[PDB]
C-alpha cells in the first residue's frame, strides 16, 4: 500500500544528456543517434532576448560555433537545422548508448519524468504532471534549459518535453520534440499569460480509487453523478472534463465503486472535506493518472 509520485528509471536517458554551448550560453541537449536536440535560444545573447529574430540569428551561426559535451567528450557538429524552437545539430559521432526511442506529445493530466540536468550533467529526476495550462510545476534554475521529460512505454523511451521557460515562480514550460511549444508560449523574454488551468478530474478520481484501496472511503456515498452531468458542473467549478477509460473501468472493478459514485463525491468535496484527509491530504490531488495509481494498486 501507499501512493507516491514515481519516476521512471533514468539509465536509458542519462547517456544521452549533453551540454550545448554557443558564445557565452551553455544549456542542455539530448544526444540521440548522431543528432543533438537543444533549445534554439542557445544562439541569442542577453541583448537579443525580448523579441529574437531567430532566422536572422541563424545566418551568423556556423557549426564550429557549437561546443557539445558528453561530460568531457567533445562532439563535432557537422551541420544544424532549426525545427520550431529547437536546434537539431548533426554530429560526427553516433551515441552508441542511444536507447530504443520515440517522440511523443503529452496532454493535460498526463505525467512524465524530468531528468534535470545542469551543464550537461544529470542531477536527478522528478515526476511532473502536464497542467491544463500547458505548464508543469517543476524545479528548474537557469542552465536547466534543455532538460528532458520522458515516459517509458514498453522498452521504448518516449521523449515528450524539452525545458525552455519559466513563465512565473515554479511555473515552467517547454517544447515537444517537433520543436513546438506546449500551449501558446514562445521563446521570448516577455511576460506570458497562462492558459486556463483546471483540477485534472480523472487524476483526482484515480486518487479517490487509490484511497479506497488504501483503507479510505468516507467520501463514498449512495449519490451518483453521470459523466455528462459532472462535465456541465465542472465548467463552473474549476474541474476538467471527465472521460471514462479502461484503467478507470479496471479501478471500478477492483473497488466495486462506479465512476459516477466518485463524480458525485467530487462535487461534495468541492464545498469542503470537513477536516478529513484522503491519504494525508485535504486537497484535490490531481497529479497522478489512473494508470499511475493502477501500477501501485493490487
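Residue numbers count along the first chain shown, from 1.
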| property | result |
| --- | --- |
| Per the entry, higher mean C-alpha B factor between 145 to 153 and 72 to 80 | 72 to 80 |
| Stretch with the greater mean C-alpha B-factor as recorded in the entry, comparing 51 to 59 against 241 to 249 | 51 to 59 |
| Per the PDB entry, maximal CA B factor within 201, 222, 113, 132 | 222 |
| Of the residues 139, 173, 102, 226, the one carrying the largest Cα B-factor as recorded | 226 |
| Chain-relative CA temperature factor third for residue 21 | highest |
| Third of the chain's Cα B-factor distribution that residue 195 belongs to, per the entry | middle |
| Residue 27 by Cα B-factor - lowest, middle or highest third of the modelled chain | middle |
| Ranked against its chain, the third holding the CA B-factor of residue 277 | middle |
| Within-chain third of residue 125 by Cα B-factor, per the entry | lowest |
